[PDB]
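One file, data03.pdb, carrying PDB, N, CA, C and O atoms and all ligand atoms:
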ATOM      1  N   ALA K   1      13.168  -2.869 -34.447
ATOM      2  CA  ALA K   1      12.383  -2.985 -35.648
ATOM      3  C   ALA K   1      12.661  -4.313 -36.347
ATOM      4  O   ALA K   1      13.697  -4.971 -36.110
ATOM      5  N   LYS K   2      11.812  -4.686 -37.290
ATOM      6  CA  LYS K   2      11.950  -5.818 -38.146
ATOM      7  C   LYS K   2      11.942  -5.329 -39.619
ATOM      8  O   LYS K   2      11.209  -4.405 -39.968
ATOM      9  N   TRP K   3      12.743  -6.019 -40.430
ATOM     10  CA  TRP K   3      12.890  -5.714 -41.840
ATOM     11  C   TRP K   3      12.701  -7.043 -42.628
ATOM     12  O   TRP K   3      13.164  -8.084 -42.189
ATOM     13  N   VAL K   4      11.983  -7.022 -43.740
ATOM     14  CA  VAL K   4      11.765  -8.224 -44.523
ATOM     15  C   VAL K   4      12.689  -8.214 -45.738
ATOM     16  O   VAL K   4      12.853  -7.199 -46.429
ATOM     17  N   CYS K   5      13.215  -9.407 -46.054
ATOM     18  CA  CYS K   5      13.870  -9.643 -47.320
ATOM     19  C   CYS K   5      12.795  -9.734 -48.386
ATOM     20  O   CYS K   5      11.969 -10.704 -48.348
ATOM     21  N   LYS K   6      12.711  -8.817 -49.305
ATOM     22  CA  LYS K   6      11.654  -8.808 -50.305
ATOM     23  C   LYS K   6      11.738 -10.024 -51.233
ATOM     24  O   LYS K   6      10.764 -10.347 -51.932
ATOM     25  N   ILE K   7      12.904 -10.671 -51.338
ATOM     26  CA  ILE K   7      13.051 -11.789 -52.180
ATOM     27  C   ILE K   7      12.488 -13.097 -51.578
ATOM     28  O   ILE K   7      11.769 -13.811 -52.249
ATOM     29  N   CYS K   8      12.864 -13.413 -50.322
ATOM     30  CA  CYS K   8      12.615 -14.717 -49.764
ATOM     31  C   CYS K   8      11.724 -14.724 -48.537
ATOM     32  O   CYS K   8      11.359 -15.809 -48.062
ATOM     33  N   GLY K   9      11.426 -13.575 -47.917
ATOM     34  CA  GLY K   9      10.601 -13.524 -46.731
ATOM     35  C   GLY K   9      11.282 -13.680 -45.418
ATOM     36  O   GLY K   9      10.622 -13.612 -44.367
ATOM     37  N   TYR K  10      12.612 -13.889 -45.389
ATOM     38  CA  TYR K  10      13.377 -13.839 -44.148
ATOM     39  C   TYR K  10      13.121 -12.472 -43.474
ATOM     40  O   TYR K  10      13.088 -11.426 -44.107
ATOM     41  N   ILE K  11      12.980 -12.531 -42.139
ATOM     42  CA  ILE K  11      12.835 -11.343 -41.315
ATOM     43  C   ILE K  11      14.119 -11.071 -40.560
ATOM     44  O   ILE K  11      14.555 -11.871 -39.757
ATOM     45  N   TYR K  12      14.749  -9.906 -40.848
ATOM     46  CA  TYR K  12      15.814  -9.456 -40.009
ATOM     47  C   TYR K  12      15.196  -8.757 -38.796
ATOM     48  O   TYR K  12      14.545  -7.686 -38.909
ATOM     49  N   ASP K  13      15.314  -9.379 -37.636
ATOM     50  CA  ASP K  13      14.759  -8.891 -36.383
ATOM     51  C   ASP K  13      15.911  -8.250 -35.613
ATOM     52  O   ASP K  13      16.833  -8.970 -35.214
ATOM     53  N   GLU K  14      15.875  -6.938 -35.413
ATOM     54  CA  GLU K  14      16.977  -6.301 -34.680
ATOM     55  C   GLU K  14      17.213  -6.885 -33.328
ATOM     56  O   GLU K  14      18.348  -6.932 -32.846
ATOM     57  N   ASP K  15      16.159  -7.359 -32.652
ATOM     58  CA  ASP K  15      16.307  -7.988 -31.344
ATOM     59  C   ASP K  15      17.046  -9.299 -31.390
ATOM     60  O   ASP K  15      17.597  -9.733 -30.351
ATOM     61  N   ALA K  16      16.998 -10.007 -32.532
ATOM     62  CA  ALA K  16      17.686 -11.276 -32.693
ATOM     63  C   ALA K  16      19.096 -11.085 -33.260
ATOM     64  O   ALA K  16      19.982 -11.944 -33.042
ATOM     65  N   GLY K  17      19.353 -10.034 -34.019
ATOM     66  CA  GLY K  17      20.589  -9.957 -34.772
ATOM     67  C   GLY K  17      20.718 -11.136 -35.710
ATOM     68  O   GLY K  17      19.726 -11.669 -36.278
ATOM     69  N   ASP K  18      21.958 -11.542 -35.947
ATOM     70  CA  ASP K  18      22.288 -12.673 -36.873
ATOM     71  C   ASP K  18      23.626 -13.244 -36.447
ATOM     72  O   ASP K  18      24.655 -13.092 -37.116
ATOM     73  N   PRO K  19      23.657 -13.846 -35.252
ATOM     74  CA  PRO K  19      24.931 -14.211 -34.638
ATOM     75  C   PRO K  19      25.735 -15.202 -35.428
ATOM     76  O   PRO K  19      26.965 -15.171 -35.391
ATOM     77  N   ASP K  20      25.056 -16.117 -36.179
ATOM     78  CA  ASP K  20      25.783 -17.116 -36.960
ATOM     79  C   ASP K  20      26.633 -16.464 -38.041
ATOM     80  O   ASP K  20      27.562 -17.047 -38.566
ATOM     81  N   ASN K  21      26.256 -15.213 -38.394
ATOM     82  CA  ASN K  21      26.951 -14.446 -39.431
ATOM     83  C   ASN K  21      27.585 -13.164 -38.907
ATOM     84  O   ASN K  21      27.782 -12.177 -39.614
ATOM     85  N   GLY K  22      27.935 -13.143 -37.617
ATOM     86  CA  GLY K  22      28.744 -12.108 -37.022
ATOM     87  C   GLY K  22      27.994 -10.888 -36.458
ATOM     88  O   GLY K  22      28.644  -9.868 -36.240
ATOM     89  N   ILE K  23      26.699 -10.989 -36.238
ATOM     90  CA  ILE K  23      25.869  -9.818 -35.829
ATOM     91  C   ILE K  23      25.203 -10.136 -34.508
ATOM     92  O   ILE K  23      24.330 -10.987 -34.377
ATOM     93  N   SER K  24      25.595  -9.358 -33.481
ATOM     94  CA  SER K  24      25.008  -9.564 -32.140
ATOM     95  C   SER K  24      23.569  -9.081 -32.075
ATOM     96  O   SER K  24      23.148  -8.104 -32.756
ATOM     97  N   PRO K  25      22.776  -9.680 -31.206
ATOM     98  CA  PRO K  25      21.396  -9.207 -30.973
ATOM     99  C   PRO K  25      21.415  -7.724 -30.566
ATOM    100  O   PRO K  25      22.228  -7.322 -29.764
ATOM    101  N   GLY K  26      20.449  -6.950 -31.130
ATOM    102  CA  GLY K  26      20.360  -5.518 -30.883
ATOM    103  C   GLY K  26      20.917  -4.628 -31.965
ATOM    104  O   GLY K  26      20.850  -3.379 -32.013
ATOM    105  N   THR K  27      21.565  -5.239 -32.982
ATOM    106  CA  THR K  27      22.164  -4.456 -34.058
ATOM    107  C   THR K  27      21.135  -3.897 -34.989
ATOM    108  O   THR K  27      20.341  -4.707 -35.593
ATOM    109  N   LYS K  28      21.025  -2.614 -35.164
ATOM    110  CA  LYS K  28      20.073  -2.060 -36.066
ATOM    111  C   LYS K  28      20.373  -2.343 -37.494
ATOM    112  O   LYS K  28      21.544  -2.489 -37.884
ATOM    113  N   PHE K  29      19.348  -2.426 -38.376
ATOM    114  CA  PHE K  29      19.566  -2.756 -39.768
ATOM    115  C   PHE K  29      20.590  -1.801 -40.386
ATOM    116  O   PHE K  29      21.483  -2.213 -41.133
ATOM    117  N   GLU K  30      20.470  -0.495 -40.077
ATOM    118  CA  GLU K  30      21.385   0.470 -40.702
ATOM    119  C   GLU K  30      22.842   0.131 -40.354
ATOM    120  O   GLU K  30      23.751   0.487 -41.145
ATOM    121  N   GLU K  31      23.069  -0.477 -39.200
ATOM    122  CA  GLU K  31      24.398  -0.743 -38.698
ATOM    123  C   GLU K  31      24.964  -2.056 -39.213
ATOM    124  O   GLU K  31      26.155  -2.327 -39.043
ATOM    125  N   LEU K  32      24.157  -2.891 -39.866
ATOM    126  CA  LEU K  32      24.715  -4.076 -40.490
ATOM    127  C   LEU K  32      25.768  -3.627 -41.500
ATOM    128  O   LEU K  32      25.546  -2.626 -42.220
ATOM    129  N   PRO K  33      26.913  -4.308 -41.591
ATOM    130  CA  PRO K  33      27.898  -3.891 -42.589
ATOM    131  C   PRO K  33      27.323  -3.835 -43.978
ATOM    132  O   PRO K  33      26.373  -4.575 -44.330
ATOM    133  N   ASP K  34      27.883  -2.959 -44.842
ATOM    134  CA  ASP K  34      27.342  -2.763 -46.136
ATOM    135  C   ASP K  34      27.252  -4.053 -46.963
ATOM    136  O   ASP K  34      26.347  -4.122 -47.848
ATOM    137  N   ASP K  35      28.153  -4.983 -46.754
ATOM    138  CA  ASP K  35      28.200  -6.258 -47.449
ATOM    139  C   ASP K  35      27.542  -7.402 -46.712
ATOM    140  O   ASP K  35      27.628  -8.555 -47.166
ATOM    141  N   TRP K  36      26.820  -7.148 -45.651
ATOM    142  CA  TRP K  36      25.952  -8.205 -45.040
ATOM    143  C   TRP K  36      24.863  -8.551 -46.033
ATOM    144  O   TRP K  36      24.344  -7.682 -46.746
ATOM    145  N   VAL K  37      24.467  -9.827 -46.094
ATOM    146  CA  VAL K  37      23.456 -10.290 -46.991
ATOM    147  C   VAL K  37      22.412 -11.134 -46.239
ATOM    148  O   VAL K  37      22.665 -11.688 -45.148
ATOM    149  N   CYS K  38      21.242 -11.274 -46.846
ATOM    150  CA  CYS K  38      20.219 -12.156 -46.299
ATOM    151  C   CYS K  38      20.843 -13.540 -46.089
ATOM    152  O   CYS K  38      21.409 -14.115 -47.007
ATOM    153  N   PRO K  39      20.701 -14.116 -44.873
ATOM    154  CA  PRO K  39      21.321 -15.411 -44.616
ATOM    155  C   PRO K  39      20.634 -16.564 -45.302
ATOM    156  O   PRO K  39      21.235 -17.663 -45.414
ATOM    157  N   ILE K  40      19.431 -16.353 -45.825
ATOM    158  CA  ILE K  40      18.677 -17.395 -46.554
ATOM    159  C   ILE K  40      19.028 -17.387 -48.032
ATOM    160  O   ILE K  40      19.407 -18.392 -48.609
ATOM    161  N   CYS K  41      18.841 -16.229 -48.692
ATOM    162  CA  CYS K  41      18.909 -16.176 -50.139
ATOM    163  C   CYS K  41      20.109 -15.419 -50.685
ATOM    164  O   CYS K  41      20.330 -15.415 -51.894
ATOM    165  N   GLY K  42      20.865 -14.713 -49.855
ATOM    166  CA  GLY K  42      22.026 -13.950 -50.263
ATOM    167  C   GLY K  42      21.727 -12.573 -50.798
ATOM    168  O   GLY K  42      22.628 -11.879 -51.305
ATOM    169  N   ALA K  43      20.492 -12.094 -50.704
ATOM    170  CA  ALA K  43      20.172 -10.758 -51.242
ATOM    171  C   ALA K  43      20.903  -9.661 -50.465
ATOM    172  O   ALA K  43      21.027  -9.709 -49.222
ATOM    173  N   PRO K  44      21.357  -8.630 -51.164
ATOM    174  CA  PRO K  44      21.975  -7.495 -50.523
ATOM    175  C   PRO K  44      21.011  -6.695 -49.662
ATOM    176  O   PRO K  44      19.756  -6.818 -49.756
ATOM    177  N   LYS K  45      21.582  -5.803 -48.848
ATOM    178  CA  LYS K  45      20.789  -4.931 -47.972
ATOM    179  C   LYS K  45      19.749  -4.122 -48.755
ATOM    180  O   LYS K  45      18.660  -3.839 -48.203
ATOM    181  N   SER K  46      20.054  -3.760 -50.017
ATOM    182  CA  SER K  46      19.085  -2.983 -50.807
ATOM    183  C   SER K  46      17.755  -3.658 -50.934
ATOM    184  O   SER K  46      16.781  -2.961 -51.267
ATOM    185  N   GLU K  47      17.652  -4.985 -50.797
ATOM    186  CA  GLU K  47      16.450  -5.738 -51.056
ATOM    187  C   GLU K  47      15.572  -5.953 -49.791
ATOM    188  O   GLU K  47      14.596  -6.697 -49.867
ATOM    189  N   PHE K  48      15.913  -5.249 -48.722
ATOM    190  CA  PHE K  48      15.126  -5.305 -47.502
ATOM    191  C   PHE K  48      14.263  -4.038 -47.383
ATOM    192  O   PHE K  48      14.655  -2.963 -47.758
ATOM    193  N   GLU K  49      13.093  -4.251 -46.744
ATOM    194  CA  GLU K  49      12.158  -3.158 -46.455
ATOM    195  C   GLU K  49      11.766  -3.191 -45.005
ATOM    196  O   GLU K  49      11.506  -4.281 -44.451
ATOM    197  N   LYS K  50      11.691  -2.050 -44.335
ATOM    198  CA  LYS K  50      11.328  -1.981 -42.939
ATOM    199  C   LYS K  50       9.841  -2.268 -42.770
ATOM    200  O   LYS K  50       9.012  -1.727 -43.522
ATOM    201  N   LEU K  51       9.503  -3.089 -41.794
ATOM    202  CA  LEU K  51       8.101  -3.450 -41.505
ATOM    203  C   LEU K  51       7.489  -2.415 -40.538
ATOM    204  O   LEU K  51       7.303  -2.632 -39.380
ATOM    205  N   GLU K  52       7.119  -1.307 -41.177
ATOM    206  CA  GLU K  52       6.457  -0.191 -40.545
ATOM    207  C   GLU K  52       5.724   0.587 -41.669
ATOM    208  O   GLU K  52       6.033   0.450 -42.849
ATOM    209  N   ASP K  53       4.749   1.387 -41.224
ATOM    210  CA  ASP K  53       4.044   2.272 -42.110
ATOM    211  C   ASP K  53       4.850   3.506 -42.526
ATOM    212  O   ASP K  53       6.023   3.601 -42.188
TER     213      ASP K  53
HETATM  214 FE    FE D 101      16.342 -13.352 -48.561
END
Show the structure stored in the file as structure tokens.
Ligand SMILES: [Fe+3]
Amino acid sequence: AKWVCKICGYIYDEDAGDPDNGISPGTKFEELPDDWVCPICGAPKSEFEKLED
């Protein structure tokens, strides 16, 4: 799945992960550590929304 940062528009793509910030490709959004933040704007996990209906 993909999740958008509601603040800045960064897309957390589970297939990409976020390796520069310690997250291997394939990591689901729920599994990101509680203190992971948007790598662009620093928003907390609460500010992301899943891109699905
Ligand atoms: Fe952001």
Please extract the residues at most 5 Å from ligand FE 101 (chain D), counting all atoms listed in the file, and provide them as a tab-separated table (two decimals) with N, CA, C and O atoms, in the frame of the given file, using the chain letters and residue numbers of this document.
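Writing the result to out.tsv gives the following:
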chain	number	residue	atom	x	y	z
K	5	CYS	N	13.22	-9.41	-46.05
K	5	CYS	CA	13.87	-9.64	-47.32
K	5	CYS	C	12.80	-9.73	-48.39
K	5	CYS	O	11.97	-10.70	-48.35
K	7	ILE	N	12.90	-10.67	-51.34
K	7	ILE	CA	13.05	-11.79	-52.18
K	7	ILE	C	12.49	-13.10	-51.58
K	7	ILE	O	11.77	-13.81	-52.25
K	8	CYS	N	12.86	-13.41	-50.32
K	8	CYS	CA	12.62	-14.72	-49.76
K	8	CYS	C	11.72	-14.72	-48.54
K	8	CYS	O	11.36	-15.81	-48.06
K	9	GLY	N	11.43	-13.58	-47.92
K	9	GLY	CA	10.60	-13.52	-46.73
K	9	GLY	C	11.28	-13.68	-45.42
K	9	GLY	O	10.62	-13.61	-44.37
K	10	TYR	N	12.61	-13.89	-45.39
K	10	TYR	CA	13.38	-13.84	-44.15
K	10	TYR	C	13.12	-12.47	-43.47
K	10	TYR	O	13.09	-11.43	-44.11
K	38	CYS	N	21.24	-11.27	-46.85
K	38	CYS	CA	20.22	-12.16	-46.30
K	38	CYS	C	20.84	-13.54	-46.09
K	38	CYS	O	21.41	-14.12	-47.01
K	40	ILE	N	19.43	-16.35	-45.82
K	40	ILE	CA	18.68	-17.40	-46.55
K	40	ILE	C	19.03	-17.39	-48.03
K	40	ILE	O	19.41	-18.39	-48.61
K	41	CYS	N	18.84	-16.23	-48.69
K	41	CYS	CA	18.91	-16.18	-50.14
K	41	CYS	C	20.11	-15.42	-50.68
K	41	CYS	O	20.33	-15.42	-51.89
K	42	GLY	N	20.86	-14.71	-49.86
K	42	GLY	CA	22.03	-13.95	-50.26
K	42	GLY	C	21.73	-12.57	-50.80
K	42	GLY	O	22.63	-11.88	-51.30
K	43	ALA	N	20.49	-12.09	-50.70
K	43	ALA	CA	20.17	-10.76	-51.24
K	43	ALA	C	20.90	-9.66	-50.46
K	43	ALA	O	21.03	-9.71	-49.22
Please write as a list in words the list of polymer residues whose atoms come within 7 Å of (26.5, -4.2, -50.9), counting all atoms listed in the file and keeping to the coordinates of the file.
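Checking each residue against the 7 Å limit leaves residues 33, 34, 35, 36, 44, 45 and 46 of chain K.
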May I have the residues from that selection written out with N, CA, C and O atoms, as a PDB file, in the frame of the given file?
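Result file is out_17.pdb:
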ATOM      1  N   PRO K  33      26.913  -4.308 -41.591  1.00  0.00           N
ATOM      2  CA  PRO K  33      27.898  -3.891 -42.589  1.00  0.00           C
ATOM      3  C   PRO K  33      27.323  -3.835 -43.978  1.00  0.00           C
ATOM      4  O   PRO K  33      26.373  -4.575 -44.330  1.00  0.00           O
ATOM      5  N   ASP K  34      27.883  -2.959 -44.842  1.00  0.00           N
ATOM      6  CA  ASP K  34      27.342  -2.763 -46.136  1.00  0.00           C
ATOM      7  C   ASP K  34      27.252  -4.053 -46.963  1.00  0.00           C
ATOM      8  O   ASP K  34      26.347  -4.122 -47.848  1.00  0.00           O
ATOM      9  N   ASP K  35      28.153  -4.983 -46.754  1.00  0.00           N
ATOM     10  CA  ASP K  35      28.200  -6.258 -47.449  1.00  0.00           C
ATOM     11  C   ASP K  35      27.542  -7.402 -46.712  1.00  0.00           C
ATOM     12  O   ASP K  35      27.628  -8.555 -47.166  1.00  0.00           O
ATOM     13  N   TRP K  36      26.820  -7.148 -45.651  1.00  0.00           N
ATOM     14  CA  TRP K  36      25.952  -8.205 -45.040  1.00  0.00           C
ATOM     15  C   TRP K  36      24.863  -8.551 -46.033  1.00  0.00           C
ATOM     16  O   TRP K  36      24.344  -7.682 -46.746  1.00  0.00           O
ATOM     17  N   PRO K  44      21.357  -8.630 -51.164  1.00  0.00           N
ATOM     18  CA  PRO K  44      21.975  -7.495 -50.523  1.00  0.00           C
ATOM     19  C   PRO K  44      21.011  -6.695 -49.662  1.00  0.00           C
ATOM     20  O   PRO K  44      19.756  -6.818 -49.756  1.00  0.00           O
ATOM     21  N   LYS K  45      21.582  -5.803 -48.848  1.00  0.00           N
ATOM     22  CA  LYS K  45      20.789  -4.931 -47.972  1.00  0.00           C
ATOM     23  C   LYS K  45      19.749  -4.122 -48.755  1.00  0.00           C
ATOM     24  O   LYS K  45      18.660  -3.839 -48.203  1.00  0.00           O
ATOM     25  N   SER K  46      20.054  -3.760 -50.017  1.00  0.00           N
ATOM     26  CA  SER K  46      19.085  -2.983 -50.807  1.00  0.00           C
ATOM     27  C   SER K  46      17.755  -3.658 -50.934  1.00  0.00           C
ATOM     28  O   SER K  46      16.781  -2.961 -51.267  1.00  0.00           O
TER      29      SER K  46
END
Separating atom C of residue K:21 from atom CA of residue K:52, to the nearest tenth of an Å, is a gap of 24.8 Å
### Message
Please return, as a list in words, all residues of chain K that DSSP assigns to strand (DSSP E) on the basis of the backbone.
### Response
residues 2, 3, 4, 5, 11, 12, 13, 48, 49 and 50 of chain K
Residue K:27 proximity check over K:47, K:13, K:53, K:3, using only C-alpha atoms: winner is K:13
- Would you please work out which residue, of K:26, K:12, K:32, K:17, is nearest to residue K:49 when using only N, CA, C and O atoms?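 Between K:26, K:12, K:32, K:17, the residue approaching residue K:49 most closely is K:12.
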#### Entry: Two-atom distance - atom CA of residue K:51, atom C of residue K:20 (Å)
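Rounded to one decimal, the two atoms are 22.9 Å apart.
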Can you work out the spacing between atom CA of residue K:22 and atom C of residue K:1 in Å, to one decimal?
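Result for atom CA of residue K:22 versus atom C of residue K:1: 17.9 Å, one decimal.
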Provide an axis-aligned box for all listed atoms of stretch 9-20 of chain K, padding each side by 8 Å; report its centre and its edge lengths in Å to one decimal, as JSON.
{"center_x": 19.1, "center_y": -11.7, "center_z": -39.1, "size_x": 33.0, "size_y": 26.8, "size_z": 33.6}
With distances taken over all atoms listed in the file, which of K:24, K:31, K:16, K:48 is nearest to residue K:4?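 Among the listed residues, the smallest separation from residue K:4 belongs to K:48.
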